[PDB]
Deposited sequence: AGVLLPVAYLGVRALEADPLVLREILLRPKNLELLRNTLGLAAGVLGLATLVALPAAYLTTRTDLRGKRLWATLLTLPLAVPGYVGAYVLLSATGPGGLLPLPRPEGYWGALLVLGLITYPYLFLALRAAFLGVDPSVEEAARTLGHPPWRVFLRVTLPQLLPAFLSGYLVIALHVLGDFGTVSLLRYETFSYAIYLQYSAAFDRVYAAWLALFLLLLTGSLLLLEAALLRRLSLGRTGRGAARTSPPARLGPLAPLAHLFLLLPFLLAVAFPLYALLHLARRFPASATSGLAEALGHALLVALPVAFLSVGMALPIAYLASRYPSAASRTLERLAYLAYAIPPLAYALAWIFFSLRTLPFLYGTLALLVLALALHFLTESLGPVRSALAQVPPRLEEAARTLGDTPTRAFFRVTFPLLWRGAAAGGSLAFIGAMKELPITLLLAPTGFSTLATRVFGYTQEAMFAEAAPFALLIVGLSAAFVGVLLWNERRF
């Protein structure tokens, strides 16, 4: 019922009109413009992410690089910067009166740059895992048959990289489809920006619902295409032994430079810009910073607790007792995560108005929606912790003299609670920096840090919005670093 009921009425609400009204809504020239803009932005972001991620993964996997883990952490760090924070930094640091002597780029190019810089680490991680998951004996056999290393990469390594390319491309395309802060702050007209404009500005709820239906149709088509391609080239480790890395020589200083341009552009420069802007922070706005931080905490805590409380049973049933209910629940959680947040919030609004009017405009509805949206984010680490301890380990503990309760509490619990803590932290930081769902579902007069940043940037008060973005980026980066260190420990 997490998504089965909400998005059901999203199509029901849209299909409530005269049959000619639906034809008129479908026959509008703006739909083609929105589709073209969305597809072009997705393609450009995919290209930029590939160009940044493939060489970086190669350098940090198949090259005698000094400190591969440090460079991997530095390249994964841009995941902590939200899209609206990057758009705000780009707007404030360019144009007239900006930090840099550059004009503000077009809506397409700024959005493309920010979205690529914040979405490439998914492809980077997927490609790094794919590179690490190959058997060096396969490339050695290809090379003994008469194939130089470049043709070996073309005909051996790349087909094994392809599934990682599909996974990273799906993640990046979903992020571009569901992104709202970057395109709205830079005034780029995608489906999400159009939905927000129709719901809020134009007050055209029916056309907003139709645009949301178009967006879910695109999301479903992308998911189906990814599934079909994955089943086409499933391909079905080889001990993952170490092979002599390719020597650099005089290219060592250059490659490091290429490994520094992303981190400098997405992490260091935003921090410097925010610290330069926050110097002229009016003391009158100090009272609204504490209120925003308190509101963000008050929303993020129950969301994290509920996300963990729903992820633990789902993961336990998926691992210990795999049944059709397990796959249905996991697919429902994935759909809740993958549906664009603005259309998700609109579906929740429509469902609450239709069925449970007492929940509309309350904190309970927002907390429940955010808990369902971050179900996969918490479910990840719990899945890993439960996969690291099979029930055969509980059987082994039972043969040694342990009752089933003690076998659980001495074998499964020590990893289960750590996975739960990691998932709770992930959901906490996710709900701390959520713009669309919080913007569209929070009660009137309730504002968190992300909404304050969005509202201040919409009226062009950069210095006022600087401390809020500083808090968001600082907590996000600290949590990402701590979780990465803990994962490396485990």
Tell me which segments of the deposited chain sequence are not represented by C-alpha atoms in this structure. 237-239
